[PDB]
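Worksheet: the structure to be examined is printed underneath.
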Amino acid sequence: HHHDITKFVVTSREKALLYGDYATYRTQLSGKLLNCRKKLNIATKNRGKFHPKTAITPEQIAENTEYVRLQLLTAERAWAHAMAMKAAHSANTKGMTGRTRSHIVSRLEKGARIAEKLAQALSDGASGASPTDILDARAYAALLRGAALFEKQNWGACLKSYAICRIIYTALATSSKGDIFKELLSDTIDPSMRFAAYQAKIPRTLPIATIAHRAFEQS
Amino acid sequence: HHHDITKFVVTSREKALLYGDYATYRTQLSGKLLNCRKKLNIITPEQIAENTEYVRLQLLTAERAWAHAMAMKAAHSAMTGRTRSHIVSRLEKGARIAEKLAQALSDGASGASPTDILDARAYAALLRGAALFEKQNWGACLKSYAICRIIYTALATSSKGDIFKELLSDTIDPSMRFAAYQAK
Amino acid sequence: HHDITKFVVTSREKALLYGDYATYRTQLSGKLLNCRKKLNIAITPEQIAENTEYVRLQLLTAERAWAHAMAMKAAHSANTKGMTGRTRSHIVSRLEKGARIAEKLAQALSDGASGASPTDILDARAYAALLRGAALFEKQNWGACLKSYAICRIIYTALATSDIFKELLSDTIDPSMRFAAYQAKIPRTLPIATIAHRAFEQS
Amino acid sequence: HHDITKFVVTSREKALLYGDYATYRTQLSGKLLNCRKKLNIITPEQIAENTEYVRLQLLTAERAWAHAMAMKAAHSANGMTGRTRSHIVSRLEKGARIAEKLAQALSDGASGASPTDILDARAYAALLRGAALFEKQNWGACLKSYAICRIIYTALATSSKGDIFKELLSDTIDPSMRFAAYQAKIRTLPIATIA
């Protein structure tokens with residue numbers, strides 16, 4: 001009926017982080033990914049290569065929504081792996097090798113690619129997806145792509161992605177009061193953007209009248 | 001169901017400028033606007049939930065402001081600063097009206113879908129960019145056109161929107177490139 | 001005339017090019033000592049009218065308090081452990097001392113028949129706001145720190161257009177206000193259209 | 001010394017003493033005439049050359065201001081139509097632009113202007129801009145402009161220990177900012193229904 005993509009994603013993250021961490025999530029996801037492939041009668045150990053595994057199609061999404069679930073779990077697992085390494089090196093990057101950063105970025109970029117293909121399949125080909133689902137998918141894809149460029153420290157490009165998902169999410173929140181979308185905007189999108197904008201020195205011109213009015217507002 | 005704000009606007013403009021101009025468009029809008037008030041027997045999210053016509057009332061008004069500014073702008077293609085100011089006042093009027101519609105469609109339990117919420121928001125940014133561009137405030141105008149250009153391109157891909165493309169080609173892109181150029 | 005910030009910015013650029021805050025504090029103490037003998041050893045407007053060294057005395061004193069805080073911070077920055085709250089507190093105390101001295105110099109410069117130029121009265125106030133921002137910034141009171149930096153940024157940008165004020169704005173004041181504003185979450189409302197436009201223009 | 005805010009605040013006290021914005025507007029057109037005559041046979045070099053170029057710009061901004069104030073006064077008997085509000089705002093914006101362009105010229109292009117002039121010009125332009133946004137009912141934008149001039153004027157107060165700036169803050173800037181802040185304040189009318 002409704003794919004509820006980011007609701008599915010935020011839920012899983014919330015599930016694993018209740019009594020656990022990113023290491024926990026990743027395990028949980030690996031189990032669910034496994035059960036998912038069996039339901040779709042898809043190989044768990046790739047050894048009858050009659051086709052290129054993993055190319056999602058609009059007709060397959062329409063046929064079975066589990067094909068969407070497969071993609072989310074796949075993308076979310078790379079995210080977990082990336083967040084887990086980042087967590088290990090939670091002491092300043094000086095602990096963390098430029099190598100580890102590369103692997104962290106690889107994971108996220110992979111998760112982005114998977115989510116991006118999911119959004120594109122959902123969008124055009126009469127997947128049966130509602131316009132809300134198409135927008136939702138795309139925000140999620142923008143979200144992961146934002147995380148990837150943010151970790152690569154490519155501040156401008158990352159701001160482009162986050163701007164797309166924030167705009168869409170702000171709309172989706174407001175339609176639902178987004179008790180899940182507001183948390184996602186509030187806890188992830190907004191803080192990332194503020195940081196990246198700071199790093200990028202965006203805006204170039206210091207808003208000094210804003211600052212003057214607000215600074216003096218406290219008194 | 002969808003309000004289809006920009007579709008309506010883009011549609012009304014094509015039709016009205018086919019054998020007429022911005023001045024004829026403005027008059028036609030006042031006629032349609034009058035009928036609209038009668039239906040409403042005379043904006044808040046609850047009013048929008050009750051009757052879709054309140055939304056139409058708001059679009060016609062914004063477009064009329066826009067129509068008027070385009071008409072003076074066309075008339076004075078050589079302009080005096082008082083005249084330029086008047087053109088700007090009206091575009092700003094349209095933006096203010098469209099921006100209020102975007103806010104009412106968004107926050108409340110208007111029943112407005114997220115597509116309509118985005119659409120209203122893009123339209124408001126469109127009018128606002130137009131006002132700032134006429135005001136020659138290039139930097140500010142680039143911010144508004146950036147927003148709606150993001151939204152419209154997003155809405156095109158999601159909703160089967162070969163309708164935004166004219167609006168991009170003839171209004172958004174040239175303004176952005178021109179305004180950005182002027183800001184060096 | 002009095003050249004307050006001109007004097008101070010001069011000293012900082014020179015000593016930190018070929019040294020650090022520890023050397024600066026030392027170099028200052030040499031200058032402070034020489035200054036006191038000429039002065040026969042709370043500032044008053046009349047003393048300033050009498051001799052410009054009373055003003056120089058205040059600069060050296062304020063600047064020395066400042067160098068002390070930085071050298072302290074620099075020394076415990078390279079100790080790998082986060083410095084003790086005791087150590088953070090001393091650093092702020094030292095800055096607040098420099099601010100208090102600078103503020104009192106400005107106040108003395110303002111009301112009394114000090115003989116001070118209008119430009120000089122302004123320069124002193126900016127300098128006092130600068131040291132005060134520095135103190136509040138170190139104290140992590142971002143909002144309070146911003147009021148102060150606002151005052152001196154406004155004043156200093158006027159003094160620039162009339163090559164060192166520009167450096168002072170560029171290298172110390174602007175980057176400090178961006179940080180304090182980030183930390184303070186000012187503006188409250190995220191500038192999404194400004195960001196959206198600039199993100200695509202840059203790439 | 002250009003003494004801009006001083007010149008302006010002085011001119012307003014006088015013309016409004018037993019007169020109004022309409023008389024002021026006429027008088028300014030009178031002054032504007034005398035000024036144009038002298039300079040016939042804005043840029044920083046023009047300001048360096050002759051101080052009257054500054055006077056020409058001031059009179060013009062003040063004339064834009066007086067005009068808006070006159071239209072506003074006519075309607076002080078009662079809700080003003082949006083159409084009229086719009087026209088008032090155009091004149092105020094025109095004055096702000098002139099005042100702002102004056103400030104930009106005074107700063108950079110070696111106009112010869114002292115730092116006190118530069119600040120004063122910056123405050124005055126901000127005063128006019130604040131006036132406009134206040135009338136356009138954009139309360140937030142208006143609070144930012146008035147905040148600038150609140151800071152500048154307090155610094156300039158310290159420069160003279162209260163000639164006119166303490167008053168100007170007391171009589172105009174503070175009251176407007178309190179007012180404008182109220183307008184932005186957005187409460188629920190009392191009701192029995194369950195939250």
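Within each chain, counting starts at residue 1; across the structure tokens, chains are named A, B, ... in the order shown, with ligands numbered 1 upward in that order.
In chain D, the set of residues within 12 Å of chain B (atoms considered: only C-alpha atoms) is residues 64, 82, 83, 84, 85, 86, 87, 88, 89, 90, 91, 92, 93, 94, 97, 136, 137 and 138 of chain D.
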For chain A against chain C, which residues fall within 6 Å using only C-alpha atoms, given as an mmCIF file with N, CA and C atoms, in the first residue's frame?
```cif
data_model
loop_
_atom_site.group_PDB
_atom_site.id
_atom_site.type_symbol
_atom_site.label_atom_id
_atom_site.label_comp_id
_atom_site.auth_asym_id
_atom_site.auth_seq_id
_atom_site.Cartn_x
_atom_site.Cartn_y
_atom_site.Cartn_z
ATOM 1 N N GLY A 156 30.581 21.549 0.299
ATOM 2 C CA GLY A 156 29.607 22.125 -0.600
ATOM 3 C C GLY A 156 28.645 21.106 -1.179
ATOM 4 N N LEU A 159 26.064 19.805 1.070
ATOM 5 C CA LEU A 159 25.019 20.773 1.333
ATOM 6 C C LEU A 159 23.968 20.691 0.254
ATOM 7 N N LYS A 160 24.394 20.410 -0.977
ATOM 8 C CA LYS A 160 23.427 20.237 -2.069
ATOM 9 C C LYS A 160 22.499 19.072 -1.770
ATOM 10 N N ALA A 215 21.914 38.510 19.752
ATOM 11 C CA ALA A 215 22.839 38.554 20.876
ATOM 12 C C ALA A 215 22.265 39.433 21.962
#
```
Query raised in the report: Using only C-alpha atoms, which residues sit within 9 Å of residue B:148 once same-chain residues fewer than 3 positions away are excluded, as a list in words?
Result: residues 118, 119, 121, 122, 123, 124, 125, 126, 144, 145, 151, 152, 153 and 172 of chain B
Those residues you just picked out, can you put them in a file as a tab-separated table (two decimals), in the first residue's frame with N, CA and C atoms?
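Output contents, as saved in result-v6.tsv:
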```tsv
chain	number	residue	atom	x	y	z
B	118	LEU	N	4.68	21.37	-1.26
B	118	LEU	CA	5.87	21.74	-2.02
B	118	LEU	C	5.52	22.73	-3.13
B	119	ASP	N	4.45	22.43	-3.87
B	119	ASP	CA	4.00	23.23	-5.01
B	119	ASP	C	3.72	24.67	-4.61
B	121	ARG	N	4.84	26.16	-2.03
B	121	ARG	CA	6.09	26.75	-1.64
B	121	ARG	C	6.94	27.19	-2.83
B	122	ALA	N	7.00	26.36	-3.87
B	122	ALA	CA	7.73	26.75	-5.06
B	122	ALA	C	7.10	28.01	-5.69
B	123	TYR	N	5.77	28.00	-5.84
B	123	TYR	CA	5.08	29.12	-6.44
B	123	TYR	C	5.34	30.42	-5.72
B	124	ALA	N	5.32	30.37	-4.40
B	124	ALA	CA	5.60	31.56	-3.61
B	124	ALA	C	7.03	32.02	-3.83
B	125	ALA	N	7.96	31.09	-3.96
B	125	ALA	CA	9.35	31.48	-4.14
B	125	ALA	C	9.53	32.08	-5.52
B	126	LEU	N	8.69	31.65	-6.44
B	126	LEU	CA	8.72	32.09	-7.83
B	126	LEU	C	8.31	33.56	-7.91
B	144	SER	N	15.75	32.85	-3.70
B	144	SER	CA	14.38	32.39	-3.99
B	144	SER	C	14.30	31.47	-5.19
B	145	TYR	N	14.95	31.85	-6.28
B	145	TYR	CA	14.90	31.04	-7.49
B	145	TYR	C	15.62	29.70	-7.26
B	151	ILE	N	12.67	22.65	-5.91
B	151	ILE	CA	11.36	22.04	-5.76
B	151	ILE	C	10.71	21.62	-7.07
B	152	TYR	N	10.73	22.50	-8.07
B	152	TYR	CA	10.08	22.20	-9.34
B	152	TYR	C	10.73	21.05	-10.06
B	153	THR	N	12.05	20.99	-10.00
B	153	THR	CA	12.77	19.91	-10.65
B	153	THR	C	12.48	18.58	-9.91
B	172	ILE	N	12.91	31.00	-15.00
B	172	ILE	CA	13.83	30.74	-13.90
B	172	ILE	C	15.31	30.78	-14.31
```
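Near chain D, counting only C-alpha atoms at 10 Å, the chain A residues are residues 207, 208, 209, 210, 211, 212, 213, 214, 216 and 217 of chain A.
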Requested in this report: Residues of chain C near chain D: apply a cut-off of 7 Å, count only C-alpha atoms, and supply the list as a ChimeraX atom specification.
Outcome: /C:110-111,118-119,121,151,158-159,161-162
With only C-alpha atoms counted and 8 Å as the cut-off, give the residues of chain A in contact with chain B, each with its shortest interatomic distance in Å and the pair that gives it, as JSON lines.
```
{"residue": "A:123", "atom": "CA", "partner": "B:158", "partner_atom": "CA", "distance": 5.6}
{"residue": "A:124", "atom": "CA", "partner": "B:158", "partner_atom": "CA", "distance": 7.2}
{"residue": "A:131", "atom": "CA", "partner": "B:158", "partner_atom": "CA", "distance": 6.0}
{"residue": "A:132", "atom": "CA", "partner": "B:114", "partner_atom": "CA", "distance": 6.8}
{"residue": "A:134", "atom": "CA", "partner": "B:158", "partner_atom": "CA", "distance": 5.8}
{"residue": "A:135", "atom": "CA", "partner": "B:158", "partner_atom": "CA", "distance": 6.4}
{"residue": "A:164", "atom": "CA", "partner": "B:150", "partner_atom": "CA", "distance": 7.1}
{"residue": "A:167", "atom": "CA", "partner": "B:151", "partner_atom": "CA", "distance": 7.8}
{"residue": "A:168", "atom": "CA", "partner": "B:118", "partner_atom": "CA", "distance": 7.5}
{"residue": "A:171", "atom": "CA", "partner": "B:114", "partner_atom": "CA", "distance": 5.4}
{"residue": "A:172", "atom": "CA", "partner": "B:114", "partner_atom": "CA", "distance": 5.5}
{"residue": "A:174", "atom": "CA", "partner": "B:107", "partner_atom": "CA", "distance": 5.6}
{"residue": "A:175", "atom": "CA", "partner": "B:114", "partner_atom": "CA", "distance": 5.8}
{"residue": "A:177", "atom": "CA", "partner": "B:107", "partner_atom": "CA", "distance": 7.9}
```
Write a file of the just-selected residues containing C-alpha atoms, as a JSON list (two decimals), in the first residue's frame.
```
[["chain", "number", "residue", "atom", "x", "y", "z"],
["A", 123, "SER", "CA", 9.53, 7.22, -9.52],
["A", 124, "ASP", "CA", 8.94, 6.80, -13.20],
["A", 131, "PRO", "CA", 3.79, 10.56, -5.25],
["A", 132, "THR", "CA", 4.40, 10.71, -1.48],
["A", 134, "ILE", "CA", 8.40, 8.80, -4.64],
["A", 135, "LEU", "CA", 9.31, 12.01, -2.77],
["A", 164, "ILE", "CA", 17.14, 18.48, -1.25],
["A", 167, "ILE", "CA", 13.10, 20.62, 1.74],
["A", 168, "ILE", "CA", 11.21, 17.42, 0.96],
["A", 171, "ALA", "CA", 7.04, 19.11, 3.60],
["A", 172, "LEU", "CA", 6.48, 15.45, 4.61],
["A", 174, "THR", "CA", 4.30, 19.09, 8.06],
["A", 175, "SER", "CA", 1.72, 16.84, 6.33],
["A", 177, "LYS", "CA", 3.30, 16.81, 11.84]]
```
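The gap separating atom CA of residue B:68 from atom CA of residue B:28 is 11.6 Å, in Å to one decimal.
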